[PDB]
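Colleague: Protein chains in written order, with the entry's author numbering: chain D, 5 to 474; chain E, 3 to 319; chain G, 169 to 209; chain I, 81 to 120; chain J, 61 to 187; chain B, 1 to 578; chain C, 194 to 386.
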Amino acid sequence: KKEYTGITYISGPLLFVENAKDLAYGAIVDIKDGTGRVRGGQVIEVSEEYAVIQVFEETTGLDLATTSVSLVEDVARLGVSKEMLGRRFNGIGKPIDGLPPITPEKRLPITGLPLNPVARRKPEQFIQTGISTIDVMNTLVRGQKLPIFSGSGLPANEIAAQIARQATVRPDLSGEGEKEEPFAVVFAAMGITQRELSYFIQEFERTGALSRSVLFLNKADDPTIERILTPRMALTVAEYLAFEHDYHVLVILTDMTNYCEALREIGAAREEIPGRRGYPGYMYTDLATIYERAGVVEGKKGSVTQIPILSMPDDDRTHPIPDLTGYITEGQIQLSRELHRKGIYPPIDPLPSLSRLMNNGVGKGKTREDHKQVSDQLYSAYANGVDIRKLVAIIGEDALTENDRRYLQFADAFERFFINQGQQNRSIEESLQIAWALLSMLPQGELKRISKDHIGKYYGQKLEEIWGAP
Amino acid sequence: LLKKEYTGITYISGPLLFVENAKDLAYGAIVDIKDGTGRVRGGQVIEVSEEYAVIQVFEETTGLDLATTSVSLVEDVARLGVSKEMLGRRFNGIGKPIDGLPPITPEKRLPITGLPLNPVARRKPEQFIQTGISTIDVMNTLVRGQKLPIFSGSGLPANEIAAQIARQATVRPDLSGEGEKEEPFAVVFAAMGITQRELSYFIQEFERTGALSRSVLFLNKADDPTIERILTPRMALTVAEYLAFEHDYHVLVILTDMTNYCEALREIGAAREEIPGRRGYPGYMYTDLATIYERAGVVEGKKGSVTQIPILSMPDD
Amino acid sequence: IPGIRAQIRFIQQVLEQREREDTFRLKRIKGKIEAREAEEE
Amino acid sequence: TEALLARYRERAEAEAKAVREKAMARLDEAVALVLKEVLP
Amino acid sequence: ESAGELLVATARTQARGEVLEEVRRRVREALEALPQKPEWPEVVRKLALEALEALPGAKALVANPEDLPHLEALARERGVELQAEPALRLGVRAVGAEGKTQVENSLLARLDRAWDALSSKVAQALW
Amino acid sequence: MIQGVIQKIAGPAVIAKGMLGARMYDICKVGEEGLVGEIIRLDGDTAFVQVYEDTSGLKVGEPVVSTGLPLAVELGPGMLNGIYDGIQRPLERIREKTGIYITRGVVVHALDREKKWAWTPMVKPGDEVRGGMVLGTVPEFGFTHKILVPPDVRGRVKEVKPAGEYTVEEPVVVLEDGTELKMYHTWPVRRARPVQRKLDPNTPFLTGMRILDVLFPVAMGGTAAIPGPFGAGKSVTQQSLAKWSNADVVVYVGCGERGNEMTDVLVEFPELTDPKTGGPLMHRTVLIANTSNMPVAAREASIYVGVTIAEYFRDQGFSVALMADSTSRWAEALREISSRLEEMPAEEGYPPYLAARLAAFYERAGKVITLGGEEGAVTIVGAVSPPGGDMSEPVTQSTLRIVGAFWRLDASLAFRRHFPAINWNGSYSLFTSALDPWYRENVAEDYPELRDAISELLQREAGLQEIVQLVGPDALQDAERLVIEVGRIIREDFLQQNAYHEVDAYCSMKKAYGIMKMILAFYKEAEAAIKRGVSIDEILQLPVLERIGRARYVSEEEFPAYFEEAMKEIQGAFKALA
Amino acid sequence: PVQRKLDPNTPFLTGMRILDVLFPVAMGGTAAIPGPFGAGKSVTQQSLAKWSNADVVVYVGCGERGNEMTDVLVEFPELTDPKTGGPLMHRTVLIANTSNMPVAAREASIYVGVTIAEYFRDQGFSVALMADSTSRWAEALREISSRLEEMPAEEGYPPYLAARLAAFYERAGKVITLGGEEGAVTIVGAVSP
Ligand SMILES: Nc1ncnc2c1ncn2[C@@H]1O[C@H](COP(=O)(O)OP(=O)(O)OP(=O)(O)O)[C@@H](O)[C@H]1O
Ligand SMILES: Nc1ncnc2c1ncn2[C@@H]1O[C@H](COP(=O)(O)OP(=O)(O)OP(=O)(O)O)[C@@H](O)[C@H]1O
Ligand SMILES: [Mg+2]
C-alpha cells in the first residue's frame, strides 16, 4: 500500500504531487485530507519532477501539509456480468439502487478498441420501436446510428423513455429462422436534473422494463469527469453483452450536448487551446470514438444499435455538435416545435427526417412487402398538402382544384391520426394499415409511387385508428 | 575565401533551427545546412543574437539531427549572378538551370532585394502600348513602366489573356512622333505554384510565337518547396532591372500567381509567430508586396523600362 | 435575397475575425506566462 | 524548308569546333591565372 | 525557322561549358601536385595562419599528418594544440574554444568558392 | 540505434531524453508495447515523439527506440487483391491474429513473406544497371509484375538468381559493390518518385460514360473533383469508373468514412467482375480503408500511401486510376493534427498550409516517361464533401484552384431519375481544347463542332425555362416547342445511361459521335420542315424518333449499320412527312 | 507653443464645388477623407494642393507610390501659383517616404511635416497640410509593437493608436503667434480602410 505525500501546488481542479514516477498516465487515484474524507482524481500528466492530478470534486478542505495521494487503478476498468440487468449505476459503476454490488465475470477497459472493418457485415434487420412515424417512414435498422434532434423545451425524455419501453425485435416476420434472440436496453443519462431522474426511475419501474435494461445515470451536480466516463461505461456493457451473450442491445444516449459541454470544460481545465467556436479541436475524433462502437459482426448473432439524443443550442443545425453528429451518423429524427405547440405527441416531423439505412432493412422477407413504396407515397402526399395549407390562406378554399381539397384533408387526417398516436404502442402491421387507410382518402390513380397490384391488394379502407386496427 | 562550420545546433522544430555559438552570422545572410548523409539544403538568418541565431530552412527539415548537422556561411546578403546570356535560358526559381545547359558565367552579382528608386530619379511614363485589345487600349490604356495586374478567378482564362498580351504588344512610334523603330519586348516570366497543365500551355504558346530567344523563365512548380516561392519574384525582378537599366532593354514582366506567394507568406508568418492581419495574413504583407511591385518604372536619363503584369485569382471572387 | 446573403456573409466574417483575434491574444499571454514560469524559473 | 535546317545544323557543328579551336590557344594561361589566385 | 538559330546557340553554349570544365579540371589537377612537390612548407603555413587569424579563440589545429614536421613548430608559435586527420589532405582546419565553430582552409574549398569569379574572369582571356 | 527513455507523458505527446542523434520525422517505438510514433521536434538531448495510438498505462522511464527511417511503404509483389489500413497494414492478417478487434501494438508485414513467386530473370552478370530498370518478371493475377531496381541504386550486376520459385525476402540480384536487391524495396511516402519527364496531357481518360466523355472529359494523367451528396449515385459512378475505365490498375482510398459505408464498399467489391477478363475485379485493385475511429495519423497518411502505390504501379509502365473517397475527411484529420501541435489556424480553423498539401498531393498525377524508358500515367479523381453543399468552404476553394475538371453531382437529377445525376451547369473541364486535336485525328474531324452544337442546344433549352414555368409547354410557338423537345430528346437519349444494362453501361466515342450526328440531322431537318410549313405535333410522331431513342442498348459492332439506317430514315422521313 | 487659439471663421477654399458648398472646412479646421482603393483620395489631395488659397502647402507622402511623388516634381514647376502668380512649386514642401522605403520612417515623416507646417504658421502664413495615408503610419506602429512583444487591442493595432492620432490632429487650428501675428494650419488626412 504505497501512498504519496508532498503536494506542492493546489489551484482549481489540479494538484501537483512530487516523487510520483510510479503513477501511470491516466491512472485513477484517491485523495485523502486531514479530516479523513476521501476524494477521487485522475492523473492527466506524468513527469520526472511531478505528476498532475485532476480532482473529480471540489478541493475545499485540502492543504499541502497533510494531504496524501494513493493509487487505485492503473487504467479505468469496469466489472461486467450478465446479472447487471435490472440495476442502476451512478456513471462510474457505483450502484445507486441500494442493492448489493455485482460479482464481476471480468474487468474490461472502458476505452474499447476499434472494430476491424473486415469483421463488419451489412445491417439487414429492423427494430420495431412502436412509433408509426419511425417504423414506417424512418425505419431503424439493427446496427444503425440514428440520432434524434430536439429543441430546448421539447419532450425528448418522454420519447426516449417510450422507445426504451416499447422497443422489440420481430423474428416472426423473418419467415425463416423464426426464433428470437434475447433483447436488452442500455440507458445512459448525462447531466440530467432531479426531476428528469425521478421521471425516468418511475417510468422504468411502473412497466417492468427495468428487468430488461441497465441504467447509467449522471446528474448535473456530479463531477464532470463522470459525465465524460458514463457513455464509455454504457458502451462497454453493451459491447460485452452483445458480443459475448448474443444479445440484441439498444443503446440510448441522452443530451450529447451536455457531454460536449463537459468535454469543453475538461479541455479548458488542461490548458488546451480551444478550437473553432470554443470546442476542442479533437471533438470530431472523440465523438467518433463513441458513435462508431455500434454495428453487427460476422459470425455473431448479437448487435448494438445507438440512438443518440441531443438538443440543438439555438435550433441551429450549423452548430458544431449537430454538424459533426451528422457527419458521423446515418441520419436523424427531427422534432417540430409547431407540432408540439399544436398538441401533437410525439412531435416527430417527417419532412426533415431521414434514415440512410432504411432501404436495407425493409421489404420482402424482412417486413411487409409494400413498405418502401407506401413510405414514399406518404412523404409525397404530406409534402404536397403542407404547402396547400398555406396557399389556401391567400386564395381561399373555394378557389382550389378538387384534388387540392383531398390533399388538405389528407394532411389534416395524417397529422391527427398517424403522428398523434399518444402513449399507445403500435406494431408494424397496424401502422401500415393506418397508412393505407389514410392513403385510401386520395383518389386511386394519384398513387404514382405504388404499383397497381399493391393498390389492388390494400386500397379501400376507412380509418382504423378509431377501430384500433383489429 | 575559406569556410566556417557551425556545429552548435540547439533546437529544430518546423521550418526553424537554432544555432548556438554563431555570433558571426550577419542578419539576413544565406547559409548551407549539411546533414549526415551529405545532402545540402539552403537557409536564411532571420534573427541573430548573442545567445543564438535563427535560421529559416528553405525546404522541409526531414532527416536533420543535432549530432551531425553543420551550418556554413555562404554570403552576407543574398545575391544572384546576372548576364545578357540569361536570355533563352530556363531556371527553377532559385537561380539554378534546369534546361540541361551549363551554368552561366556571371557578369555581376546583385542583391535580390534590390534598392528603392530615388523619386527624383524617376520620370513620368508617357509611351502608349497597343496590346491589340480594345477594352484595354481604349478604356484602360497601358503605358510603359506601369504595373497593371489582372484579377481573375478559378475557371477564368487569365493565362490566355496574358499570353495574348505578350504576343500582341507593340509601341506604335509613328503616332507619338518618335519615328524610331524599336526592338520587341523581352519577357521575364516567373511562375509560383504553377501546375503542369498551365506550364505546358505557356511553354507551347511561347514556342509557337518564337519568343523564347527573348525570354527568361523562373519556374517554381506546385510540388516544389513552399519557402522557395518567396525568392522567385525577387530574382525575376533583379534580372529585369539589370537588363532594362544596364542594357536599355524594354522588359515586360509577368508574375503567374501572386495568390500562391501570399499563401506562402502566410505560412511563414504563422510559424514565425507574428501579429496577424485581417484574415490571418501577416501584418506586414503590404510592405512585402510593395517591395516587389514598386520595382517597375522608368528612369530619367535612361532608355530602358520595366512593365509588370501580375496575375492573381480572387478567392471566391 | 442577395442583400440578406451579403449581410450574413459580412457578419460571419466579422465574428470569425474576432474569434481569431481572441485566440491569438490568449496564446500570446499563455506563452508569456509559460516563459516566466519555466525559462526564468 | 528542311534544307535551311540542314544548313543551320552545318553551321552549328562548325561553331562547335570553331569555339574550342579559339579556346585551345590560351587555355594554360587561364589555368595559371586561376592557380595564382586560388593559392595563398 | 528559328530552330536552327537555337541549335547554333545551344551548340556554342555547350562548347563553352565544356571548355570551362576542362580549364577547371586542369587547374585542380595542377593544384593537386603541391603536396607531392616541395611546395607545401609555405602554402600550408600560410593557410594555417589564415585559419588562426580568422578564428581568434582557436583551441586546436587539425591539419595534414604530412605537415607535422612543420606543424610541430608552427603550432607552438601560436600556442594551440595540433591534431592530424588523413581525410583532410591539402587543408588546415582550426576548431573553436568549445569546438562548436570550425574554420576550414583547404585549397579545394578555395577553388570551389572562387570559381564563380574566376569563370567570369577567364572568359576575358579565352574570348 | 538511438535508444532513450521517457521523461514526460501528456496525452498522445511523449517527451524522451537521451535521444541525441535522432532525426526529424523518424519512426520511433515507445514503451515495451512498441507503440509507433513520429519525431516532430528536437532540442538538446530531448526529442518530441507524437504517438499514433492511445498512451494509457504508460509510465515514465520506459525505453524508446528510433528506427532511423521516416514513414514508408513496401513496394513489391503481393499488393493486389489486398485490403490495407492508412499505414499499409493488412486487415485480414490482423483479424486472423487478434480476432474482431484491433489491439494496440500489433506488428504484421505488408507483403506476405511465406508465399513463393515464379522468378524469371532478365539481366545477366556484368550488366551495368541504373535505377528504374527491370530486373525480372513475376506473374501476379495475370499481370507481369516487373521487379524494378530502386531509383537510387546504381552499379553493375555481379550475380543473378536462376529462374525458379522464391520468396519475397530472398536476394535475387547482387551488385559488385555488395548491395543486394530483392523483390521489394522501401520508399518514403512524402517524397515523389522520380521520372525522366512529364508529358503533356494529349489523350483522353476514357471513363465509359457519355456525359463525362463528351461534355466534361478528363485527360490521361489529369485531375477531377466531384461532390458527394447523399442519394446521388456517387458510389455507383465511382464503381462504374473502376469497372470500365481505360486504367489497368485501380487504387481506392478510404480516409475516414463511416463504418457502414466502408462495410458496403468492402462487401460490394468482391462480387464485381471486370469486363476485360471476366474474373474478379478485385484482382486489379488495392483497397485502403479507414473508419472514423481509427487513429488520426493513419487517416492523414492514407492518401500519401495510396498515391505512392499508384506511382509505383505507374513506374511499372501501367495506367492507374486513383480515387480518394473524401478529401474533406482528410482535411479534417489534418486540422486535428495541426490543432494538436498548437499551431495558429488560418481560416475556418484549418492550418495555413492546407492548399500547399492539396497541391502537392494532386501534382503527383500525370503522364510521364518512366526511368525505365516506358510510359505510364496516374489519374486522380477526388471527392469533396462540403458541410452544407456550399462550395465556398475553404477545402473546395483550394481544390478548384488546381484541378482541371469539376463534375457537379446533383441530388435533384437523381430524384428525377436522370442517371448519372451530373448537371451540365456548373460542371466544367479545362482539357477540352487540348484534347480536341486528338479527337479530330482519332474519332472524327467534325467532333468538336458537333459537341458544341449539342452544348448550344442544351443552353438554348435552359435559356427559356422561365416562360415554360410561367405558361406551360403546350402554349408555345413551333420554334420554341421544337427546341425544348430536342433538348428533351438529348437529355433522355444521349446524356442518360444505365449502369446495370449489359451494353449501355459502356459507350465508345464513335457511338456518341453517331448519336450526336443523328440528333443534329433530325434538328436541322425539323427546322427546314418548319421553314417549309409544318406543325410540331406532327413531327413528334415520326418513327425516326423511336429509332433514335432505341439507338442505345445496341451492340457497338452493330452500331455502324444501325447509324447508317437511322441517317437514311431521317433523310427520307422529313420528305415523306411534312 | 502659441499665444492663443481662435475660433475659425473663414473658409478654406479647395476649388471643388461639392467640398466648398456642401461640406465646407474652415482655415483652422481638420478634415478626413477615407475611401477604398481607386476612389480618388490622392487626386483630391493633389487638386487641393494645386487650387487653394493657402500660402504654403506641405504634402506628406507617407507610404505611397513613388510615381505620385514624381508627377508633382515633374509638373508643379510648370504651373502657376493662384495668388502670387509665380511657379507653383515655390510654395510647396514635399516629404516623401514611399512604400518600399524603410517602415519606421513613416512615423517620422508625419511629425517632420507637421512641425514644418507649425513653423510656417509661426511665421504668420496660412498653411495647408496633406497627409497621404495615415493607415500606413498605423501599420508602422503595429509593426513596431509586434517587435516589442506588446499586446494588441484591435486588429493588431497597439492600444495607444487613438492617442497618437489625436495628438497629431490637435496641432491644427488658427492661432495668435508669439510674435503677435495671426496664422493657421489646415490638416486634411486620408485614410485607407
Ligand atoms: N447511373 C445509374 N444507373 C443506374 N442506377 C443508378 C445510377 N445512379 C444511381 N443509381 C441507383 O441508385 C443506387 C445507389 O445510389 P443512390 O442514388 O441511392 O445514392 P448513393 O450512392 O446510395 O448515396 P451516396 O451518393 O451518398 O453514396 C443504386 O441502387 C442504383 O440503382
Ligand atoms: N476628380 C477626378 N477627376 C478625374 N479622375 C479622377 C478623379 N478622382 C479620381 N479619378 C480617377 O481615379 C484614378 C486615380 O484615383 P486615386 O489615385 O485618387 O485613388 P486613391 O483613392 O488615391 O486610391 P489609392 O489610395 O489606393 O491610390 C485615376 O484614373 C483618375 O482618373
Ligand atoms: Mg493614392
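We put the CB at the ideal spot given by N, CA and C, even for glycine.
From what residue to what residue does the beta strand (DSSP E) around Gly45 of chain D run?
Modeller: DSSP places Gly45 of chain D in the uninterrupted beta strand (DSSP E) bounded by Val42 to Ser51.
Colleague: Hey, is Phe178 of chain G's beta-carbon within less than 8 Å of any beta-carbon in chain B?
Modeller: no
Colleague: In terms of DSSP beta bridges, what is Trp117 of chain B paired with?
Modeller: Its beta-bridge partners are B:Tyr166.
Colleague: Give the interface partners of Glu113 of chain J over in chain E, defined as CB-CB distance under 8 Å, in chain order.
Modeller: Per Cβ cutoff of 8 Å: no residues; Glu113 of chain J is ~10 Å from chain E at best.
Colleague: Is the beta carbon of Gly195 of chain E less than 8 Å from the beta carbon of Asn94 of chain E?
Modeller: The criterion of a C-beta distance shorter than 8 Å is not satisfied by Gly195 of chain E and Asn94 of chain E.
Colleague: For the stretch 185-198 of chain B against the stretch 227-240 of chain B, are there 3 or more C-beta pairs whose distance is under 8 Å?
Modeller: no
Colleague: Taking only beta-carbon atoms, is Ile277 of chain D less than 8 Å away from chain G?
Modeller: yes
Colleague: Kindly list, in the order they appear in chain D, the residues whose Cβ is closer than 7 Å to that of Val267 of chain B.
Modeller: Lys126
Colleague: Would you say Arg196 of chain G lies against chain C (beta-carbon separation less than 8 Å)?
Modeller: yes
Colleague: How would you call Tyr286 of chain D, buried or exposed, if buried means at least 16 neighbouring beta carbons within 10 angstroms?
Modeller: buried
Colleague: Would residue 122 of chain G count as contacting chain E if we go by Cβ distances under 8 Å?
Modeller: Nothing in the structure corresponds to residue 122 of chain G, since chain G is present only between 169 and 209.
Colleague: Of the residues B:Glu32, B:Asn425, B:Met1 and B:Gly37, which one's Cα is nearest the Cα of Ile15 of chain B?
Modeller: B:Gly37
Colleague: Cβ closer than 8 Å: which chain J residues qualify as neighbours of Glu82 of chain I?
Modeller: Those do not exist, as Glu82 of chain I stays about 11 Å from chain J at its closest Cβ, beyond 8 Å.
Colleague: Does DSSP classify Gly382 of chain C as helix, strand or coil?
Modeller: strand
Colleague: Closest by CA to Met19 of chain B, which one among B:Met518, B:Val64 and B:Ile489?
Modeller: B:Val64
Colleague: Should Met509 of chain B and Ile454 of chain B be called a contact, given that it needs their Cβ atoms to be closer than 8 Å?
Modeller: no
Colleague: Relative to ligand 1, is the shortest distance from any of its heavy atoms to the C-beta of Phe216 of chain B smaller than 7 Å?
Modeller: Result no, Cβ not under 7 Å from ligand 1.
Colleague: At what residues does the beta strand (DSSP E) containing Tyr304 of chain B begin and finish?
Modeller: From DSSP, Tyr304 of chain B is part of no beta strand (DSSP E) but of the alpha helix (DSSP H) over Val296 to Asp315.
Colleague: Just the chain G side, please: which residues come within less than 9 Å of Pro345 of chain C by C-beta, in chain order?
Modeller: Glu189, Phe192, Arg193 and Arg196
Colleague: By how many angstroms is the C-alpha of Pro151 of chain D removed from the C-alpha of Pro175 of chain D?
Modeller: 24 Å
Colleague: Confirm, please, whether the CB-CB distance from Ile57 of chain E to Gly45 of chain E is below 8 Å.
Modeller: yes
Colleague: Within 7 Å: the Cβ of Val251 of chain B and any heavy atom of ligand 2?
Modeller: no
Colleague: Can you say whether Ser307 of chain E is buried or exposed, counting buried as having 16 or more other CB atoms within 10 angstroms of its CB?
Modeller: buried
Colleague: I want to verify the contact list: residues of chain J whose CB lies under 8 Å from the CB of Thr9 of chain E, in sequence order.
Modeller: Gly159, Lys160, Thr161 and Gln162
Colleague: Note down, in chain order, all residues in the stretch 381-407 of chain B with a beta-carbon under 7 Å from any beta-carbon belonging to chain E.
Modeller: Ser392, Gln397, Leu400, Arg401, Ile402 and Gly404
Colleague: Excluding the five sequence neighbours on either side, which residues of its own chain have a C-beta within less than 6 Å of the C-beta of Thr120 of chain B, listed in chain order?
Modeller: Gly136, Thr137 and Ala163
Colleague: Hey, is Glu261 of chain C close to ligand 3, as in C-beta under 7 Å from one of its heavy atoms?
Modeller: yes
Colleague: Answer yes or no: do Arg146 of chain D and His249 of chain D have a C-beta to C-beta separation smaller than 8 Å?
Modeller: no
Colleague: Just checking my contact of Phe431 of chain B with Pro201 of chain B at CB under 8 Å: how many whole Å lie between their CB atoms?
Modeller: Between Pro201 of chain B and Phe431 of chain B the Cβ distance is about 6 Å, and since that is below 8 Å, they are a contact.
Colleague: On the three-pair Cβ rule with 8 Å, is the stretch 154-172 of chain D touching the stretch 312-325 of chain D?
Modeller: With the cut-off at 8 Å, the stretch 154-172 of chain D and the stretch 312-325 of chain D touch.
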